[PDB]
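Taking it in order: structure first as structure tokens, then the write-up.
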There are 2 protein chains.
Amino acid sequence: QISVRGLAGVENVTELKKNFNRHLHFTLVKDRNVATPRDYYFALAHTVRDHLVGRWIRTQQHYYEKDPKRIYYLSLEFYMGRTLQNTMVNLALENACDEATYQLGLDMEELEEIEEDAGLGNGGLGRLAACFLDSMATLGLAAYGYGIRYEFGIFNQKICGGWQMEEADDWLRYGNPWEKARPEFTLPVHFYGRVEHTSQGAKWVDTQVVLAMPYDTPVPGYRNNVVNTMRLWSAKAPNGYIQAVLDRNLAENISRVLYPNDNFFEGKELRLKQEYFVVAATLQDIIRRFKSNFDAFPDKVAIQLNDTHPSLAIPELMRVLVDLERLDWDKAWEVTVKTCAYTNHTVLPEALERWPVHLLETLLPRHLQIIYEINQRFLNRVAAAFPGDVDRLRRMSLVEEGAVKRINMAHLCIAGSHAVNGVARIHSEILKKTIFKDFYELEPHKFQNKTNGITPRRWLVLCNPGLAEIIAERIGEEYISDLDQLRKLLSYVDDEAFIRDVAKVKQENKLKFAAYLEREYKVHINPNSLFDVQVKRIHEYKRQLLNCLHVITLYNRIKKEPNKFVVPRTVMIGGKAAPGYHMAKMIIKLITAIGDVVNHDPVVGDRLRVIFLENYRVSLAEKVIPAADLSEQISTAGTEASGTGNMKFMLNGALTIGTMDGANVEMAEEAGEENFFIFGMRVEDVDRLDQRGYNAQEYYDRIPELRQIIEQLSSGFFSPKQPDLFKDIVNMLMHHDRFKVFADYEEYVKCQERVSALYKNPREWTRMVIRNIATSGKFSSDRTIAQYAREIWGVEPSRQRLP
Amino acid sequence: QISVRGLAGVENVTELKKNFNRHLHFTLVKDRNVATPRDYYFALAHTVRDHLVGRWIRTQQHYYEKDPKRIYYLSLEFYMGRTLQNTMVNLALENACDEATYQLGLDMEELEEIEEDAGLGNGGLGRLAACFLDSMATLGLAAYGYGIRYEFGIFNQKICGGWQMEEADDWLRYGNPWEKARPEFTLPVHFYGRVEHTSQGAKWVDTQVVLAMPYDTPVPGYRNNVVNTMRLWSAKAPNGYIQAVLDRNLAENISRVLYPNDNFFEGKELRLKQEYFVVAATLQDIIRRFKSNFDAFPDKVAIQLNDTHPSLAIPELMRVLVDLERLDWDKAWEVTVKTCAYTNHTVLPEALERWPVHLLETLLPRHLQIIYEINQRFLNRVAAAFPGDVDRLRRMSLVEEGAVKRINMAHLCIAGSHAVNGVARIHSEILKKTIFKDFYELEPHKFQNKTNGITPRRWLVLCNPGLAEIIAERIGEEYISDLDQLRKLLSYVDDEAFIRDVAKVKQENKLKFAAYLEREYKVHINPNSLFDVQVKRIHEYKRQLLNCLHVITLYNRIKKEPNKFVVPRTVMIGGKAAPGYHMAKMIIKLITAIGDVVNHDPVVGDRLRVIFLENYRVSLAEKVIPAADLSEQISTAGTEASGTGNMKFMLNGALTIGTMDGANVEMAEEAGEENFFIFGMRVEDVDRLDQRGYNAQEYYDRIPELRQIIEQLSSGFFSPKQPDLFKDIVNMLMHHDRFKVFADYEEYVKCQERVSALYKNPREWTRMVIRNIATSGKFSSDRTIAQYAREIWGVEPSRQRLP
Ligand SMILES: O=C(N[C@@H]1Cc2ccccc2[C@H]1O)c1cc2cc(Cl)sc2[nH]1
Ligand SMILES: O=C(N[C@@H]1Cc2ccccc2[C@H]1O)c1cc2cc(Cl)sc2[nH]1
Ligand SMILES: *Cc1c(COP(=O)(O)O)cnc(C)c1O
Ligand SMILES: *Cc1c(COP(=O)(O)O)cnc(C)c1O
């Protein structure tokens, strides 16, 4: 009955039932007597997949004939989630498939739950790539995503005894209908070896070969008949005896598993192999397609680098042009810089990729030679521009001196790219001011901003059809790919029916999430409570620990004054910790340990509950975000480059409690600061504390309620059977806290009081929500991609449909 | 135009073209502009596959409703070859598909060459399993093949510098249309651990688990609408961090690769794991299906053991019945023996499986306990039957004493089976007389013969349609599944048209094979020469070396008397050597080295050529066997249990030169010895030499032409650049030859003179061929399987069609 889900035409429904039954028979080899639920999911998936094929063939033929400039988005991560619902939405088939399956006696939503996530990313950076593929198709760009087909994605998180456990994410176990292997496009990638010199120049010889086999996945645009491609590479061995065959596993391990580090450089050789594996195969593919003079190469090709992870594209392109195509160095370098552009995602120093020179020398000897030549010529430019500024040369160099000499891969990216961008206004400004100040002064024209975004298909129409419908009832459907049209909703801030309908939808979403938790985990939550949600990867800089301190404050205040009314809350925290990150793992145990006390105190009862949401991932975000009342975005000012979870909550009818960090600043600017719960130190205040020295003891000595909590943690109140369980957390907070948790405690608690005060007035809570939804339009990834296309790639977007 | 290939009906051809184009689009995602040859092969394969589905569903439903006794054929090898042509032949679609592809502008035979062999066997034993699956379907038996889905089959053989090179057989690289994964039937298999005791009895605990995922392949009967199943199991891991995920490879290595030992026991733990892996999963499957008292288990189940490789089925069945179903030991043993039967394939002692007790104790502790209990109770029966015969107890025991104590797996099989059979009359008699004499005296009723056979679908209709057609022109098509009808052909021994037609067909086949060698290897052979062919695995007992001595004899005789006419020959030898088998590898180099001299001597020219056929496998046998004039079957009497290559040559119009060994004896009995080129020691003569001692020097001292050749090998005539290359071959022949090559040299050379003499008379050569083809009917695997069904399994075969 919801119009945004399309038409269920009589001949279309008849045909879908016909083809469903055909696939059940010929493709799954089943009758309705023995057919499993998974069989039914697979039949529907193939039925829907068939509707993509004509469009996919015709799109790629259209690009050959039109011959536009081609866009190549290189990333080690594509955090895609599930594909069935997204495909139906973009092809306008959702209502027809729902009716067809209903008539066959099946519930399509049950079938949808059987699909594995394609969890080929860690967090923000990986999900941005996925939103970008969707927006580039919707805007008619001749764009290709290039990455690795990991056999195992981000690990499955189980919680056992309050602790995170990791299990392999065997996502391909039952087959993936949404990929097509492409045998005729397999290519060789080279490792190790050595450099020699012929009559013609340098030659890379005596290498070990690993084959790269590509798998193509379709990427449908929104109701425009465009289907683009995501190409992911899989490692294959080339071809006593038995051990030799078993040892094929070693080369094949290159594509085995996603490294689960979110913001942290670990420096493993296998990770370096993965990076070169993607780069080498992708660039071969690009050059072949270009051929089917290199002066026009940058007119026909753009390569976008998602962080420094594919930075080897710069020396690899130079290697191919100089050593194989035999261009002169200076010509080849002109071409490389005009082709490549680099996006930076964080300022935290331990995230920076700095590879030991000995490791590169051994694995990629020709690339190290090329990097040294790039460095000499780049520093000669610096020396000419700033004569005698010797320390500037030291700071800007691609080579970092020390006990272990290393290559700074960010420096390599800036030198080899015609554009460098940060991911929100505040971040992009800091790059110019501080972090890459010297580079900005040499080449100011290179530095740009492209504020992040999210797709309103997955993150509104798919996950929250009820909200999409009430919006469409007032302003039509154009907003779905023109999100700034949501500003029309400000005209309904005093409209009784809209106020009613916005609150109705939120409550339906809350009931549905409550039912998921009861069904899947036998966990009961109070449906008449404020849903307070912090979901994102577990990190000190994101300050899940600050949330912890507030939850314990609410508990202690209840115990002090049991008779005083408080707004009931369900506090929900979720996200994965990196397997080797001890503090993050201790923080997860703290959250569950708080719950073990709070959730069983009879004085508290259902006035307060705290729960850890297991296995946070793209499909779970689609469930919980539409149910949220309060969005927790509480990183220390200066630490979160942008964020994108923040945007998802704003679009789905939650109010935000946050710091003036990342894209939070632009969100508040868009809605008006009066409509956001802003608190805590600004960047300028953090910097002032750093100048004098952060002393956590001062805050402990001055704040009675804080002392109480620290003593509870120390003495074993939250770990009775192991009193010293949380000693390391207490020690870090008191003496080694780089993120200043205690310094924002008082403002955070006071800001939360104001949240509860507004929640007591349902009408005014909803009116503030309307003012948020109505001003979320800037955060569409369509806007972001249009900016990349016009300001970096030199192409003009188009929402025109193909026949 | 050949009627045996079926009807090309107008609506059928139209529909096949329609569905071909549909699969090219929806399944391969291609148009006719970019479609690769492999794409076209895959489109035809899916089109043909769709015709199997209804029949497969209906057959297995029919077996549930009818509830017949079920037959389970357990083997570590299924040597299947290619599937496309076989499927078309059995469904009567060959002429229709040929016309459909022709009308689309494609050559179906080109498409057929793209399919990889399923080379999941080594030689005779593995190909017998494959012929048996075909015959059981054609005879309407409710039969299942159970084995392992090896990721890599028998190695790809390359010849480089005259030497065998091994490469991995990556047969699944592009996808296998002819398997269907079955997720809902995945089962756990257990390894290692220890035994403990509860209130109820023994319990196997603390094990390591490996999952077994089944893949089902359809097995079509000949034009009877029956489709049976071959179920092959694949190993899957159950589910710091990164290494833990990589280490999943270790469990998964269980199904990685076929062990390339043909007749030789190597005793590797990984091989033992493979054997238990198949047995455990298969028996779980059997027991579940039985449930969907165990007194009726043998009425509903037969388990056939293809050699001792799945012998662990005996203690595994006892483990399940006693430890899990809680039957008393004696009842469980009644059931086990009535369920199981064992087929023996060779008498060579080094082939016998004798596992160290320590290895079994560690990997399979409960199974070793059960084996010891089986042994005690079995020897108590022997002691009662033959009181005081202490050495008999030692000889019959399942436990073999020594520096390393071992379990004799053949002894385990005889004790735990209600029937034991050899594979040809002479072999089955020797089992009773000598090899298992003591067991025969205890239980004479257990011992049987089942002479081997080959399917006349693959090995006549498929590979030699021209011969199938000229036979059908005279006697109709009933012979195709009633091969004894070939005896009608004796009535045409003086028929001028049939004599003409038999020779015409052979010559067409010879032209086609010559064209294959020119196309694929740029090797030219003389089309007006006798094609002399020895194809089979390389082994001392098969005496490829005796063939070598004869080829050198022909060369030396030509050089002695250049003016004397000799019948031109192309001598062809092919087959694989086990990677660790040094002598077999040296024998391949000898063959190529002879060719390097013979094939370039201008005095010889095209009067004699010797060539090594690379990568002998099922698809290559289908090419060369129909082209052969002379079949070499020259094993030392007493060493080849049966043979089956011998049968393939007889059916396809070649005459045989052989010893009275294996099934050669029964072939000669069927045709009349006057129609076979029989030579050499009989078994009785070999035994007499063994009693006095084989002295090769006597033969060297008495035979001038033999001395010449040995001196040529010794002095470096066939290896000028490395004079001592063949010293080890000479040393073995002169001092350590277990197979008495020199003792059959003179009779072999004289027998070959008689072959050439008959070849000079084309009419009488062809008349002898007719007398061979006409009497090959006994060697149909349909006859073999009917005997297994009636004399061992207790089921009645039926060639009646399903609707
Ligand atoms: O995987 C696909 N086709 C396979 C080709 C092939 C080759 C051998 C055996 C089985 C199969 C098909 O499953 C496939 C078709 C489409 C259409 C899309 Cl859109 S995405 C996609 N994958
Ligand atoms: O492999 C088969 N079907 C696959 C089921 C499945 C599940 C996910 C993605 C792709 C696919 C199909 O290729 C298949 C169908 C038939 C019919 C036969 Cl007869 S043998 C056979 N295999
Ligand atoms: C959007 C998203 C992220 C990023 O959220 P942030 O709060 O901006 O860090 C991480 N994980 C998943 C599953 C997401 O959908
Ligand atoms: C039939 C067959 C065998 C067995 O042949 P023998 O001469 O009896 O040893 C071995 N390999 C292949 C490929 C076969 O087809």
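We label chains A, B, ... in the order they appear in the structure tokens, count residues from 1 in each chain, and number ligands from 1 in the order shown.
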
Contacts of segment 61-70 of chain B at 6 Å (only C-alpha atoms; same-chain gap of 3+ positions) as an MDAnalysis selection string: chainID B and resid 58 142:143 300:301

Backbone DSSP call of strand (DSSP E or B) for segment 447-659 of chain A, listed as an NGL selection string: :A and (447-449 or 454 or 530-535 or 569-574 or 608-613 or 630-633 or 655-658)

Would you save the residues from that selection as an mmCIF file, in the first residue's frame, using N, CA and C atoms?
```
data_model
loop_
_atom_site.group_PDB
_atom_site.id
_atom_site.type_symbol
_atom_site.label_atom_id
_atom_site.label_comp_id
_atom_site.auth_asym_id
_atom_site.auth_seq_id
_atom_site.Cartn_x
_atom_site.Cartn_y
_atom_site.Cartn_z
ATOM 1 N N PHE A 447 44.588 21.907 -3.056
ATOM 2 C CA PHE A 447 43.827 21.557 -1.853
ATOM 3 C C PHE A 447 42.343 21.931 -1.945
ATOM 4 N N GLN A 448 41.485 20.948 -1.665
ATOM 5 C CA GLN A 448 40.032 21.077 -1.786
ATOM 6 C C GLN A 448 39.316 20.477 -0.564
ATOM 7 N N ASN A 449 38.014 20.759 -0.477
ATOM 8 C CA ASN A 449 37.069 20.089 0.420
ATOM 9 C C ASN A 449 35.977 19.369 -0.380
ATOM 10 N N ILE A 454 25.719 10.495 2.271
ATOM 11 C CA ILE A 454 25.121 9.150 2.337
ATOM 12 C C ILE A 454 24.020 9.041 1.278
ATOM 13 N N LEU A 530 12.905 6.426 25.835
ATOM 14 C CA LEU A 530 13.735 7.130 24.880
ATOM 15 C C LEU A 530 14.829 6.175 24.425
ATOM 16 N N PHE A 531 14.927 5.938 23.117
ATOM 17 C CA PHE A 531 16.003 5.086 22.566
ATOM 18 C C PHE A 531 17.265 5.927 22.294
ATOM 19 N N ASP A 532 18.266 5.746 23.158
ATOM 20 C CA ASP A 532 19.533 6.499 23.177
ATOM 21 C C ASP A 532 20.623 5.594 22.581
ATOM 22 N N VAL A 533 21.135 5.952 21.403
ATOM 23 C CA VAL A 533 21.930 5.023 20.561
ATOM 24 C C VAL A 533 23.307 5.573 20.163
ATOM 25 N N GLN A 534 24.362 4.809 20.474
ATOM 26 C CA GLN A 534 25.723 5.073 19.985
ATOM 27 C C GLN A 534 26.240 3.841 19.209
ATOM 28 N N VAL A 535 26.189 3.909 17.879
ATOM 29 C CA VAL A 535 26.703 2.830 17.012
ATOM 30 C C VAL A 535 27.760 3.337 16.029
ATOM 31 N N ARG A 569 14.858 5.587 29.800
ATOM 32 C CA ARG A 569 15.721 5.380 28.637
ATOM 33 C C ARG A 569 16.116 3.918 28.433
ATOM 34 N N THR A 570 16.262 3.538 27.166
ATOM 35 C CA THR A 570 17.022 2.349 26.774
ATOM 36 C C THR A 570 18.307 2.851 26.114
ATOM 37 N N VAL A 571 19.440 2.675 26.788
ATOM 38 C CA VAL A 571 20.728 3.126 26.249
ATOM 39 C C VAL A 571 21.355 1.949 25.495
ATOM 40 N N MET A 572 21.578 2.134 24.193
ATOM 41 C CA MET A 572 22.080 1.088 23.312
ATOM 42 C C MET A 572 23.443 1.514 22.756
ATOM 43 N N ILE A 573 24.447 0.653 22.919
ATOM 44 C CA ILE A 573 25.783 0.884 22.368
ATOM 45 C C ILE A 573 26.187 -0.358 21.561
ATOM 46 N N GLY A 574 26.772 -0.155 20.384
ATOM 47 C CA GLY A 574 27.229 -1.280 19.574
ATOM 48 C C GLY A 574 28.373 -0.893 18.660
ATOM 49 N N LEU A 608 15.556 2.518 33.570
ATOM 50 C CA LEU A 608 16.854 2.594 32.886
ATOM 51 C C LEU A 608 17.356 1.195 32.522
ATOM 52 N N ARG A 609 17.743 1.018 31.258
ATOM 53 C CA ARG A 609 18.405 -0.205 30.797
ATOM 54 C C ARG A 609 19.548 0.144 29.846
ATOM 55 N N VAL A 610 20.632 -0.627 29.916
ATOM 56 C CA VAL A 610 21.786 -0.440 29.032
ATOM 57 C C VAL A 610 22.124 -1.783 28.383
ATOM 58 N N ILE A 611 22.175 -1.784 27.055
ATOM 59 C CA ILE A 611 22.342 -3.009 26.270
ATOM 60 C C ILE A 611 23.429 -2.826 25.189
ATOM 61 N N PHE A 612 24.235 -3.876 24.978
ATOM 62 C CA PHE A 612 25.225 -3.906 23.902
ATOM 63 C C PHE A 612 24.676 -4.668 22.693
ATOM 64 N N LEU A 613 24.547 -3.968 21.571
ATOM 65 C CA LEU A 613 24.019 -4.545 20.338
ATOM 66 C C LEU A 613 25.117 -5.326 19.607
ATOM 67 N N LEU A 630 17.678 9.476 20.082
ATOM 68 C CA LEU A 630 18.863 10.308 20.318
ATOM 69 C C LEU A 630 20.116 9.692 19.673
ATOM 70 N N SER A 631 20.806 10.492 18.856
ATOM 71 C CA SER A 631 22.053 10.106 18.166
ATOM 72 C C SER A 631 23.299 10.614 18.903
ATOM 73 N N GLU A 632 24.148 9.695 19.374
ATOM 74 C CA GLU A 632 25.356 10.033 20.146
ATOM 75 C C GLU A 632 26.548 10.224 19.205
ATOM 76 N N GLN A 633 27.047 11.455 19.115
ATOM 77 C CA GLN A 633 28.159 11.804 18.214
ATOM 78 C C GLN A 633 29.192 12.644 18.991
ATOM 79 N N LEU A 655 17.187 13.191 17.059
ATOM 80 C CA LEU A 655 17.910 14.428 17.413
ATOM 81 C C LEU A 655 19.339 14.061 17.835
ATOM 82 N N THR A 656 20.286 14.990 17.676
ATOM 83 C CA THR A 656 21.716 14.700 17.882
ATOM 84 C C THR A 656 22.274 15.386 19.130
ATOM 85 N N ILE A 657 22.957 14.617 19.977
ATOM 86 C CA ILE A 657 23.820 15.180 21.014
ATOM 87 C C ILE A 657 25.270 14.997 20.568
ATOM 88 N N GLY A 658 26.002 16.105 20.400
ATOM 89 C CA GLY A 658 27.362 16.039 19.872
ATOM 90 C C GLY A 658 28.279 17.218 20.159
#
```

All residues 12 Å or closer to segment 166-170 of chain A, only C-alpha atoms, same chain fewer than 5 positions away omitted, as a compact mmCIF listing (two decimals) with N, CA and C atoms, in the first residue's frame:
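Listed below is the output, out_32.txt:
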```
# COMPACT_ATOMS: atom_id res chain seq x y z
N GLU A 116 23.38 -12.94 3.15
CA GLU A 116 24.57 -12.49 3.90
C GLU A 116 24.90 -11.04 3.52
N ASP A 117 25.34 -10.21 4.46
CA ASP A 117 25.97 -8.93 4.08
C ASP A 117 27.25 -9.19 3.26
N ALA A 118 27.50 -8.36 2.25
CA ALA A 118 28.86 -8.22 1.71
C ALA A 118 29.57 -7.19 2.60
N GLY A 119 30.21 -7.69 3.65
CA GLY A 119 30.85 -6.86 4.66
C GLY A 119 32.32 -6.65 4.36
N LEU A 120 32.60 -6.12 3.17
CA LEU A 120 33.97 -5.95 2.71
C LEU A 120 34.53 -4.58 3.09
N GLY A 121 34.19 -4.11 4.30
CA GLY A 121 34.76 -2.88 4.86
C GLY A 121 34.73 -2.89 6.38
N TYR A 150 37.48 -10.25 -0.97
CA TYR A 150 37.92 -11.01 0.21
C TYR A 150 37.04 -12.24 0.39
N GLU A 151 37.65 -13.40 0.62
CA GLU A 151 36.89 -14.61 0.94
C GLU A 151 36.18 -14.44 2.29
N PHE A 152 36.82 -13.72 3.22
CA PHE A 152 36.24 -13.42 4.53
C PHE A 152 36.24 -11.90 4.78
N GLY A 153 35.05 -11.33 5.03
CA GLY A 153 34.88 -9.90 5.29
C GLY A 153 35.19 -9.57 6.73
N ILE A 154 34.67 -8.44 7.22
CA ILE A 154 34.86 -8.07 8.63
C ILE A 154 34.27 -9.17 9.51
N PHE A 155 35.00 -9.56 10.56
CA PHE A 155 34.63 -10.72 11.37
C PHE A 155 33.22 -10.62 11.96
N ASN A 156 32.58 -11.78 12.11
CA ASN A 156 31.34 -11.90 12.86
C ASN A 156 31.64 -11.74 14.35
N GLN A 157 30.97 -10.79 15.01
CA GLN A 157 31.18 -10.56 16.44
C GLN A 157 30.14 -11.31 17.26
N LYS A 158 30.60 -12.15 18.17
CA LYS A 158 29.75 -12.76 19.17
C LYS A 158 30.11 -12.17 20.53
N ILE A 159 29.13 -12.06 21.42
CA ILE A 159 29.40 -11.63 22.80
C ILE A 159 29.21 -12.81 23.73
N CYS A 160 30.27 -13.17 24.46
CA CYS A 160 30.24 -14.34 25.34
C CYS A 160 30.84 -14.00 26.71
N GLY A 175 27.09 -19.50 -2.04
CA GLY A 175 27.05 -18.90 -3.38
C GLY A 175 26.55 -17.45 -3.37
N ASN A 176 27.06 -16.65 -4.29
CA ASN A 176 26.70 -15.23 -4.38
C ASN A 176 26.06 -14.96 -5.75
N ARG A 256 42.47 -13.54 1.00
CA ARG A 256 41.73 -14.38 1.95
C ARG A 256 40.84 -13.57 2.89
N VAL A 257 41.37 -12.48 3.47
CA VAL A 257 40.66 -11.82 4.58
C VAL A 257 40.93 -10.32 4.73
N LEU A 258 39.86 -9.56 5.01
CA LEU A 258 39.96 -8.11 5.28
C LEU A 258 40.69 -7.88 6.60
N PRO A 260 41.14 -6.14 9.90
CA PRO A 260 40.10 -5.49 10.71
C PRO A 260 40.55 -4.23 11.48
N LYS A 576 32.21 -2.91 16.58
CA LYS A 576 33.29 -3.89 16.71
C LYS A 576 34.61 -3.25 17.15
N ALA A 577 35.38 -4.01 17.92
CA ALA A 577 36.74 -3.64 18.32
C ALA A 577 37.74 -4.43 17.48
N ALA A 578 38.85 -3.80 17.12
CA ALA A 578 39.91 -4.51 16.42
C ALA A 578 40.43 -5.61 17.33
N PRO A 579 40.55 -6.86 16.82
CA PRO A 579 41.02 -8.00 17.60
C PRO A 579 42.24 -7.77 18.51
N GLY A 580 43.23 -6.99 18.05
CA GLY A 580 44.42 -6.69 18.87
C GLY A 580 44.36 -5.46 19.76
N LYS A 585 38.54 -3.64 23.64
CA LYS A 585 37.93 -4.86 24.14
C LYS A 585 37.51 -4.72 25.60
N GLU A 614 24.93 -6.64 19.53
CA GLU A 614 25.90 -7.57 18.95
C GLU A 614 25.99 -7.46 17.42
N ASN A 615 27.22 -7.52 16.91
CA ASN A 615 27.49 -7.66 15.47
C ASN A 615 27.00 -6.49 14.61
N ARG A 617 26.73 -3.87 11.88
CA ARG A 617 27.06 -4.07 10.46
C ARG A 617 26.01 -3.32 9.63
N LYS B 236 35.22 -28.39 4.57
CA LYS B 236 35.08 -26.99 5.00
C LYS B 236 35.41 -26.84 6.49
N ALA B 237 36.12 -25.77 6.81
CA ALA B 237 36.45 -25.48 8.20
C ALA B 237 35.18 -25.10 8.96
N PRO B 238 35.04 -25.54 10.21
CA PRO B 238 33.93 -25.01 10.98
C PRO B 238 34.21 -23.55 11.36
N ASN B 239 33.18 -22.75 11.56
CA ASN B 239 33.35 -21.49 12.30
C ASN B 239 32.22 -21.23 13.27
N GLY B 240 47.65 -14.85 15.95
CA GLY B 240 46.39 -14.13 16.20
C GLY B 240 45.25 -14.36 15.22
N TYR B 241 44.37 -13.36 15.12
CA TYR B 241 43.14 -13.49 14.32
C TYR B 241 43.40 -13.81 12.85
N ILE B 242 44.31 -13.06 12.23
CA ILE B 242 44.58 -13.25 10.80
C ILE B 242 45.10 -14.67 10.54
N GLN B 243 46.07 -15.13 11.34
CA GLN B 243 46.61 -16.48 11.16
C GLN B 243 45.56 -17.57 11.38
N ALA B 244 44.66 -17.35 12.34
CA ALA B 244 43.56 -18.29 12.61
C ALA B 244 42.67 -18.50 11.37
N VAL B 245 42.35 -17.40 10.67
CA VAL B 245 41.57 -17.49 9.43
C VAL B 245 42.36 -18.20 8.32
N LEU B 246 43.64 -17.86 8.17
CA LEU B 246 44.49 -18.54 7.19
C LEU B 246 44.61 -20.04 7.49
N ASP B 247 44.71 -20.39 8.78
CA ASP B 247 44.85 -21.80 9.19
C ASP B 247 43.60 -22.67 8.92
N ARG B 248 42.49 -22.06 8.52
CA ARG B 248 41.35 -22.83 8.00
C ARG B 248 41.75 -23.71 6.81
```

Show me, as a short mmCIF file (atom, residue, chain, number, x, y, z; two decimals) with N, CA, C and O atoms, in the first residue's frame, the residues that have an atom within 12 Å of residue 504 of chain B when counting only C-alpha atoms, minus same-chain residues fewer than 4 positions from it.
```cif
data_model
loop_
_atom_site.label_atom_id
_atom_site.label_comp_id
_atom_site.auth_asym_id
_atom_site.auth_seq_id
_atom_site.Cartn_x
_atom_site.Cartn_y
_atom_site.Cartn_z
N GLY B 466 30.55 -43.78 -36.06
CA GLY B 466 30.66 -44.46 -37.36
C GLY B 466 30.54 -45.98 -37.29
O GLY B 466 29.90 -46.59 -38.14
N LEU B 467 31.17 -46.58 -36.28
CA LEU B 467 31.06 -48.02 -36.06
C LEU B 467 29.69 -48.39 -35.51
O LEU B 467 29.10 -49.40 -35.91
N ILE B 470 27.16 -48.45 -38.62
CA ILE B 470 27.20 -49.61 -39.53
C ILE B 470 26.70 -50.91 -38.88
O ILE B 470 26.13 -51.76 -39.57
N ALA B 497 29.94 -55.93 -48.37
CA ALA B 497 29.63 -54.55 -47.94
C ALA B 497 30.08 -54.27 -46.50
O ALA B 497 30.61 -53.20 -46.22
N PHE B 498 29.87 -55.23 -45.60
CA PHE B 498 30.27 -55.06 -44.21
C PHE B 498 31.80 -55.03 -44.08
O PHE B 498 32.33 -54.20 -43.34
N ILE B 499 32.49 -55.90 -44.80
CA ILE B 499 33.97 -55.91 -44.82
C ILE B 499 34.49 -54.53 -45.26
O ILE B 499 35.38 -53.94 -44.62
N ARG B 500 33.91 -54.01 -46.33
CA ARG B 500 34.23 -52.67 -46.84
C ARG B 500 34.00 -51.61 -45.78
O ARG B 500 34.86 -50.74 -45.56
N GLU B 508 38.78 -43.69 -41.47
CA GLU B 508 38.25 -42.37 -41.08
C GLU B 508 38.70 -41.97 -39.66
O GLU B 508 39.08 -40.81 -39.41
N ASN B 509 38.67 -42.93 -38.74
CA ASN B 509 39.12 -42.69 -37.37
C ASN B 509 40.63 -42.39 -37.32
O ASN B 509 41.07 -41.49 -36.59
N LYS B 510 41.41 -43.11 -38.11
CA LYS B 510 42.86 -42.85 -38.21
C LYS B 510 43.17 -41.46 -38.77
O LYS B 510 44.07 -40.78 -38.28
N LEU B 511 42.42 -41.04 -39.79
CA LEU B 511 42.58 -39.69 -40.34
C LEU B 511 42.26 -38.62 -39.29
O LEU B 511 42.98 -37.63 -39.17
N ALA B 627 41.04 -45.30 -33.24
CA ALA B 627 42.00 -45.23 -34.35
C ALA B 627 43.03 -46.36 -34.38
O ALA B 627 43.84 -46.42 -35.32
N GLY B 653 37.50 -52.31 -32.80
CA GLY B 653 38.02 -52.80 -34.09
C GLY B 653 39.54 -52.91 -34.19
O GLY B 653 40.11 -52.84 -35.29
N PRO B 762 44.82 -57.20 -46.26
CA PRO B 762 43.76 -56.35 -45.71
C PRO B 762 42.42 -57.06 -45.47
O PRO B 762 41.79 -56.84 -44.43
N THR B 766 40.66 -57.59 -41.70
CA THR B 766 39.31 -57.12 -41.39
C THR B 766 38.36 -58.24 -40.96
O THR B 766 37.52 -58.04 -40.08
#
```

Exercise answer, 7 Å around ligand 1 with only C-alpha atoms and all ligand atoms, as JSON, numbers by chain: {"A": [49, 50, 52, 53, 177, 178, 179, 180, 181, 217, 218], "B": [26, 27, 28, 29, 42, 174, 175, 176, 177]}

Non-local contacts of residue 337 of chain B (9 Å; only C-alpha atoms; under 3 positions in same chain excluded) as a ChimeraX atom specification: /B:298,314,332-334,340-341,415-419
